[PDB]
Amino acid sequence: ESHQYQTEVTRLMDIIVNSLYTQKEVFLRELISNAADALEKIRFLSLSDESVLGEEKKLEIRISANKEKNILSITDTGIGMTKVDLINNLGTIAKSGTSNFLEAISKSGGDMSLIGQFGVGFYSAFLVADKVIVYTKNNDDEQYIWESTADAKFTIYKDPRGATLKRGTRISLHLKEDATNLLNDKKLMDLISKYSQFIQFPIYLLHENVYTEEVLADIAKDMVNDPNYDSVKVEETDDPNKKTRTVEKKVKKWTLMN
C-alpha cells in the first residue's frame, strides 16, 4: 500500500459519501457501467480473434446477494485485470488528484455526475459497503484478489483457490448494517431496471423462487432432504387427523433483467 493512495482515496470516499448519502443507491449504476466497459473491451477483441473467449463464451453481468453473510456481488464475464493493470491503474488514481476536482465541484454546489467519466466511480461502493473484495482474472495472468477497506486500506494478492472466474471480475460488497435493504428482491429489481438503460449486454439477477404443493405427511418429511432446493418449509399442525401438509420449496434462480 501507498500513502499517496490512502490520502487521495480517503478524500474521494469522504466527498462521494458526503455528496451522495441521500442517493446511496447510485453505486449500482457505477458498477454496472464499469462491468459494461470490461465486457466491451473483451467483446471488441473477439471480433478480431474469437479465441479470446476461450472456455468462457458468456458475455454478461450477474447480480446476486447473500442475505446471511450481508454480501452483494456484481460479477461480469469481461476482460478481467492483470496484476500490472491493477497496480498501474491504482497508481494513476493516487497521483491524479481527482479528489481536488470533486472538492471544488462539491464546494460550488455541483453534482457527483462526473465520478464515472473521471474513473473514480468504483469508490461509490463505500456509500453502502465498509469492505469491497474484488476477484479478477485476465487471460494474460493468474486470478487475483483486491480487498479495499473504508479507511482507504487495501491489499492485492493471488487467489489461493485459483482461476475460479475463468475470465472477468467479481465485486463483493460487505454491506453496512445501515444499507441491508440492498439484499432485498424488490429493491434490487427496481434499481437494476433503473440503471440498465443504455446497457448493451445482458444483466441477470439471482433471486428467490417458491414452489408450493400439497404433500402427504410421510412424503413431506422426505422432501426436507431434497438438496435441489435451498430450503423446504413444511406446514406444522396439532391435528392428528391431517394426512397432508402444505410444502414450500425455495430455490434461487437467474432472471434476465434487460
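Counting begins at 1, following the sequence as shown.
Judged by mean Cα B factor in the deposited record, 47-55 ranks above the other of 47-55 and 201-209. Higher mean CA temperature factor between 149-157 and 74-82: 149-157, per the PDB entry.
Highest C-alpha temperature factor among 188, 87, 125, 102 per the entry: 87. Per the deposited record, the Cα B-factor of residue 91 falls in the highest third when ranked against the other modelled residues of its chain. Split the chain's modelled residues into thirds by C-alpha temperature factor. Residue 192 is in the lowest one. The deposited CA B-factor of residue 246 belongs to the lowest third of values across its chain. When the modelled residues of the chain are ordered by their C-alpha B factor, residue 163 lands in the highest third. Annotation for residue 42: C-alpha temperature factor in the highest third relative to the rest of the modelled chain, per the entry.
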